[PDB]
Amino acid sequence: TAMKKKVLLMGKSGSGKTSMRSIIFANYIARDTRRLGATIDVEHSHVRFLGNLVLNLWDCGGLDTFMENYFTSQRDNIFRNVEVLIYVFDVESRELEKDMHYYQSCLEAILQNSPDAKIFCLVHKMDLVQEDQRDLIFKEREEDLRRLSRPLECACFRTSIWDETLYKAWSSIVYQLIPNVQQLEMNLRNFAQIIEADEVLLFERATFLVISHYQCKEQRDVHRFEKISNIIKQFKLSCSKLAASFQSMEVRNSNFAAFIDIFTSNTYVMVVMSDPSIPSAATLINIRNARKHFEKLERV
C-alpha cells in the first residue's frame, strides 16, 4: 500500500541514462560508469524510497531501433501511467535536430497517454564543456526546450556525473514524488526551531538526496544542498570499500558545529549549530528523542 510511481528515463544511446541511475540508486562512482553496457530495450528498477514511495524506474535504451518500438508496438506499455519523464540530452550531440525529433515524439506519446506526467530535461555531460561556457550553453538549450515542449511544461537542469549538479537535478525530481512532503517540511522546521539550529538537512539514507530542509539565517551558497549530498555520498562509499559503513559524523570550527547521524530507518539528518549556550548533550538528546516522532509517518 506504498504509492508506486512510474518514471521513464529516456534519451539517445550513450547520453548517460544508466550512468545517472547507477550513481544515484546503486552506489557507483563516475569512473565505474565507463564499464556499463548499452541497455537493451527497458531495464526495470524498483527503488523503495522512504517506505511510503516506490519508484518504478524505466531505463529505456535509446538505440533508434528501441525508440521506434516504444513509439509503436510498445507505445501503450511504455507511455501509460507515467508520473515522470526524465529525458536526457548529450550536450556533445552532433544530431541536435534528430535529438529534438526523438524528444518531441516522446512528448506526443506523453500528451496522448499520460498528459499530467511531470517532464524533466537533463542537459548532460556538462563536464565536456569549458566552465566559462556552461551557463551560456544551458540557458540557450533551456529556452529551446521550454518552447519546443509545446503545451507541456518541462524543468531543465545542466548535469554531470563528475559534480553535484547530478544531485541537484535528482533531488528536484524525487522531491516532487514524495507524498506528504509539505508535512515532512513542517515537522522538520518544528524540530529545527526546538533545537535552535542554523540549518537542518534531511536525507534519504541510500541515495543521500536532500528530501527536506530548514534554514534560519539565509546562507550564501544556494547550491550547498547538492554539495553536501555529493560530499557525504562519496565518503559513505570510501567507508564501505576501505573499512566499514559510515554511522555518524561530528565536525566543528571556531564558527560552527555540524552533526550527521541516522534519523529514521530510511533517513539521515544533518544539524548545523553556531554554538549559543548549547551544551553539546542537549542537541544530541534532541536528535535521539525526535527519532520516534519521525519514525512514524512513513508507515504502510
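Numbers for residues come from their place in the sequence shown, where the first is 1.
Comparing 22-30 with 268-276, which has the greater mean CA B-factor as deposited?
Averaging CA B-factors over each stretch, the winner is 268-276.
Between 185-193 and 118-126, name whichever shows the higher mean Cα B factor according to the PDB entry.
According to the PDB entry, the answer is 185-193.
Return the residue from 142, 164, 221, 204 that has the highest Cα B-factor in the entry.
Largest recorded C-alpha B-factor: 221.
Name the one of 230, 149, 172, 160 with the greatest CA B-factor according to the PDB entry.
Among 230, 149, 172, 160, the highest C-alpha B-factor in the entry belongs to 149.
Third of chain Cα B-factors occupied by residue 85
For residue 85, the deposited C-alpha B-factor lands in the lowest third.
By the record's CA B-factor, is residue 47 among the lowest, middle or highest third of residues in the chain?
According to the entry, residue 47 has a C-alpha B-factor in the chain's highest third.
Test of reading the entry: by CA B factor among the chain's modelled residues, which third contains residue 262?
Residue 262: CA B-factor falls in the middle third of its chain.
Within-chain third of residue 213 by Cα B-factor, per the entry:
Within its chain, residue 213 is a highest-third residue by C-alpha B-factor, going by the deposited values.
Residue 75 by Cα B-factor - lowest, middle or highest third of the modelled chain
Highest third - that is where residue 75 ends up once the chain's C-alpha B-factors are sorted.
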